[PDB]
Amino acid sequence: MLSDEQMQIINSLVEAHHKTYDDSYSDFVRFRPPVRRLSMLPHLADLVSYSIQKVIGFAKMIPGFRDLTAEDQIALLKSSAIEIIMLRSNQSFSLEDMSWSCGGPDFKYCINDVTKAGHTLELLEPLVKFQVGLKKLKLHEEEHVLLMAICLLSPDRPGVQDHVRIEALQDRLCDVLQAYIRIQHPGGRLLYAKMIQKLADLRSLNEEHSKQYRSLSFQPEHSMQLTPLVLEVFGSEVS
Amino acid sequence: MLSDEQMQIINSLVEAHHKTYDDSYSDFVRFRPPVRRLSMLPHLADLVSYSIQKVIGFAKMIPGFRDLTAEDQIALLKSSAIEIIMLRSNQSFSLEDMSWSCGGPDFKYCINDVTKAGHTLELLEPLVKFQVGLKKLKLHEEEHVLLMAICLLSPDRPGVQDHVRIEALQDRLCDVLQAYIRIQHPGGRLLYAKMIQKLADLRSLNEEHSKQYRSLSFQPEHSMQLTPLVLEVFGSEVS
Amino acid sequence: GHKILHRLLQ
Amino acid sequence: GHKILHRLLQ
Ligand SMILES: C[C@H](CCC(=O)O)[C@H]1CC[C@H]2[C@@H]3CC[C@@H]4C[C@H](O)CC[C@]4(C)[C@H]3CC[C@]12C
Ligand SMILES: C[C@H](CCC(=O)O)[C@H]1CC[C@H]2[C@@H]3CC[C@@H]4C[C@H](O)CC[C@]4(C)[C@H]3CC[C@]12C
Ligand SMILES: C[C@H](CCC(=O)O)[C@H]1CC[C@H]2[C@@H]3CC[C@@H]4C[C@H](O)CC[C@]4(C)[C@H]3CC[C@]12C
Ligand SMILES: C[C@H](CCC(=O)O)[C@H]1CC[C@H]2[C@@H]3CC[C@@H]4C[C@H](O)CC[C@]4(C)[C@H]3CC[C@]12C
């Protein structure tokens with residue numbers, strides 16, 4: 001059983017996610033159009049940048065995040081943004097066609113499309129496999145948003161100052177998640193452990209992405225196609 | 001009469017311009033789509049950035065520019081890019097509808113459209129009036145490209161080191177232009193002086209644009225919609 | 001730096 | 001800086 005405290009935490013996260021994830025993907029038509037070597041880079045740079053703004057919006061609504069210092073907020077986001085984007089994208093991912101279907105055909109992305117922005121199958125193969133395994137967990141929306149919040153509030157991310165406050169926030173979220181599964185998730189005996197392992201898979205995806213980002217951003221002809229927000233967030237600058 | 005030296009200068013400029021100005025505007029569909037408050041900013045930021053890359057390409061083909069130091073090349077471009085873009089745009093400007101018609105309807109820009117990127121009529125009124133007066137000069141393609149080259153090779157632009165070399169290059173271009181008009185331009189007695197005054201009008205447009213750019217770029221919600229190349233070139237950093 | 005980040009974080 | 005400018009200028 002949960003307290004009205006743990007309950008309002010879940011309610012806050014679900015509402016935060018609904019305010020930051022447009023199920024109609026109506027803003028996608030504002031992005032540089034997709035073109036199916038680097039033909040998809042302009043469109044995907046815009047898509048990723050738009051997603052970063054949405055992840056920041058989601059984070060600002062996570063209970064306790066707003067009270068952290070501007071420095072820790074930046075620290076948590078620069079480290080976790082790519083992971084949250086990968087996590088939140090499971091909502092459009094389809095096991096049927098192994099693609100991220102974001103509304104119309106123009107915005108249905110397969111492994112073929114996402115390999116046209118400079119990144120290799122070395123990143124994309126594990127990413128698609130991650131989506132598949134995650135989609136098979138059949139997470140309730142409640143567990144989905146809790147997992148993103150837990151991923152974001154990891155005190156072991158570089159640059160973090162108030163470890164105690166952040167660890168306290170994450171431990172509370174994990175407690176809420178274990179209680180939610182036990183009570184609301186039929187046959188979810190091993191789900192929490194499977195969800196924690198996904199966090200470990202995200203660290204590995206973060207590393208491979210960070211590696212490829214570094215290599216690519218070193219070429220100005222490539223980095224010039226990115227947005228100022230992507231350059232800030234995925235960049236290596238430190239507060 | 002011109003020498004095969006002055007002649008090849010004109011030939012070099014015309015060819016440079018043909019290699020950097022696509023009369024079909026076929027790349028415009030790759031830009032963030034236009035949307036007719038700041039609704040046109042994403043599309044126009046892309047359009048301006050694409051134009052800057054094309055102006056750099058044009059400059060690299062101007063005889064003598066390539067031999068300047070990387071520092072002077074950067075100096076001349078940061079100072080003149082906005083002017084060359086305004087000058088080169090006269091090619092799509094139509095006195096009939098007072099618009100820049102770049103191919104299809106999606107890319108026909110009127111005063112209404114270009115006022116939706118943050119810039120005010122304080123910049124746009126003089127800009128449209130400049131286009132009108134310039135279009136009425138009925139410049140031959142040869143005079144058009146010479147004027148852009150002369151505008152770019154002004155030794156009195158901030159940060160310029162080799163003034164003598166640059167002044168020598170510009171004086172030679174002006175000589176070629178005066179000779180071309182006298183010989184090839186029927187009734188062009190006062191044209192050269194009218195063309196030189198346009199250079200002065202461009203300095204004034206540069207100033208107003210620089211002023212507005214500074215004000216707008218100070219707001220991150222606005223600057224984040226720009227491209228890395230626009231931020232570099234229109235920014236205030238110095239070599 | 002982090003000009004955009006600071007701003008978006010309100 | 002001027003990373004993109006230097007590169008485009010070849
Ligand atoms: C479209 C998808 C979102 C679905 C949704 O929101 O519902 C997102 C989720 C994770 C994203 C990939 C992340 C790694 C790479 C980043 C690089 O800047 C561009 C390439 C890269 C491979 C991205 C492609 C688009 C993906 C697959
Ligand atoms: C590679 C493509 C082929 C060119 C050719 O074959 O000659 C060109 C055509 C139009 C160009 C885009 C223009 C808008 C943006 C400008 C910004 O400074 C950088 C990003 C931006 C999205 C460019 C990316 C590269 C594009 C898609
Ligand atoms: C579409 C036109 C090109 C036609 C062509 O190439 O044939 C270009 C020429 C000069 C450009 C304006 C310059 C000032 C401002 C810059 C700011 O970043 C965006 C707004 C601003 C008012 C631009 C709008 C688009 C214009 C009118
Ligand atoms: C103002 C518009 C309305 C939003 C609303 O009413 O809620 C939003 C919708 C989609 C957004 C664009 C997304 C792609 C790019 C991301 C980059 O980090 C910044 C530039 C980029 C072109 C954004 C600009 C602002 C847009 C056009």
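Taken together, the values in this text are just the output of simple stated rules run on the coordinates, not laboratory data. Every residue, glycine among them, receives a Cβ derived from its backbone with ideal geometry; neighbour counts consider all protein chains shown.
In the stretch A:216-233, the residues that are within 16 Å of ligand 3 (Cβ to nearest atom) reach residues that are among the small types (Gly, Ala, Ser) with C-beta atoms within less than 8 angstrom, at least six apart or across chains, in these pairs: A:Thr227/A:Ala45; A:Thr227/A:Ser49; A:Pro228/B:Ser223. Remark: B:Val128 falls outside the filter, which requires a residue to be within 16 Å of ligand 3 (Cβ to nearest atom), closer than 25 Å to B:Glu232 by Cα and either away from every other protein chain (no Cβ under 14 Å) or buried (at least 20 other Cβ atoms within 10 Å of the Cβ) (or both). When every residue of the stretch A:183-199 is checked against the conditions, at least one turns out to be away from ligand 3 (no atom under 16 Å from the Cβ) and within 30 Å of A:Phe31 (Cβ to Cβ). Among the criteria (1) away from every other protein chain (no Cβ under 14 Å); (2) buried (at least 16 other Cβ atoms within 10 Å of the Cβ), the one A:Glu207 does not fulfil is (2).
One line per residue, one yes/no per condition, for (1) within 13 Å of ligand 3 (Cβ to nearest atom); (2) surrounded by fewer than 20 Cβ atoms within 10 Å (Cβ to Cβ); (3) within 14 Å of chain D (Cβ to nearest Cβ):
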| position | (1), (2), (3) |
| --- | --- |
| B:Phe107 | yes, yes, no |
| B:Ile111 | yes, yes, no |
| B:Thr115 | yes, yes, no |
| B:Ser154 | no, yes, no |
| B:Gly159 | no, yes, yes |
| B:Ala168 | no, yes, no |
| B:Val176 | no, no, no |
| B:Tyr180 | no, no, no |
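Scanning the stretch B:41-55 for residues that are crowded, with 22+ Cβ neighbours inside 10 Å and within 15 Å of B:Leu13 (Cβ to Cβ) yields a single hit, B:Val55. Which pairs do you get when a residue that is under 16 Å from B:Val35 (Cβ atoms) and part of a helix (DSSP H, G or I), found in the stretch B:101-125, comes within reach of a residue that is within 16 Å of ligand 2 (Cβ to nearest atom) and among the aromatic types (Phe, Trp, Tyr), reach meaning Cβ atoms under 7 angstrom, with the pair 6+ apart or on two chains? Short answer, once both residue conditions are applied: B:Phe107/B:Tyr25; B:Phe107/B:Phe28.
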